[PDB]
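1. Any chance you can model this:
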Amino acid sequence: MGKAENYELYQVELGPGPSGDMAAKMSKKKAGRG
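-> Numbering: from 1, shown residues only. There you are, the coordinates:
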């Protein structure tokens with residue numbers, strides 16, 4: 001059975017980086033005191 005093969009593959013097909021579009025864009029936008 002499949003879990004999310006078409007799920008993650010769909011995200012990588014939409015934006016560029018898979019884990020670089022949700023917490024990374026918000027980490028630099030609101031980092032300041034890190």
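2. Kindly provide the distance from residue 10 to residue 32.
-> Separation of residue 10 from residue 32 (Cβ to Cβ, to the nearest Å): 33 Å. All C-beta spots, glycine's among them, are computed from the backbone N, C-alpha and C.
3. my bad, should have said residue 8
-> Relative to residue 32, residue 8 is positioned 31 Å away (Cβ to Cβ).
4. more crowded one of those two?
-> The neighbour count for residue 8 versus residue 32, taken as other Cβ atoms under 10 Å, is higher for residue 8 (12 against 5).
5. Point me to the helix or strand that includes that one.
-> Per DSSP states H and E, residue 8 falls inside helix 5-14.
6. what's that helix in contact with?
-> Helix 5-14 is contacted by residues 18, 21 when judged by Cβ atoms under 8 Å, 6 or more residues apart in numbering.
7. mind running it again at 7 Å?
-> By Cβ atoms under 7 Å, 6 or more residues apart in numbering, the list of residues contacting helix 5-14 from outside reads residue 18.
8. How far does it sit from its chain's centre?
-> Mean-position distance between helix 5-14 and its chain equals 10 Å (Cα atoms, centre = their mean, to the nearest Å).
9. other SSEs contacting the next helix or strand after that helix?
-> Going down the chain from helix 5-14, the next helix or strand is helix 24-29, by DSSP H and E. Contacting helix 24-29 under the criterion 3 or more Cβ pairs under 7 Å, 6 or more residues apart in numbering; DSSP states H and E is no other helix or strand.
10. which parts of stretch 10-24 are buried?
-> For stretch 10-24, the neighbour count (16 or more other Cβ atoms under 10 Å) marks no residue as buried.
11. Need the distance between the two termini of that stretch.
-> Start and end residues of stretch 10-24 are separated by 19 Å (Cα to Cα, to the nearest Å).
12. go on, stretch 14-30?
-> 24 Å.
13. Residue 26 and residue 20, how far apart?
-> For residue 26, the distance to residue 20 - Cβ to Cβ - is 11 Å.
14. let me fix that: residue 2
-> Distance, residue 2 to residue 20, by Cβ to Cβ: 24 Å.
15. same check, this time on residue 34
-> Applying Cβ to Cβ, the value for residue 34 to residue 20 is 17 Å.
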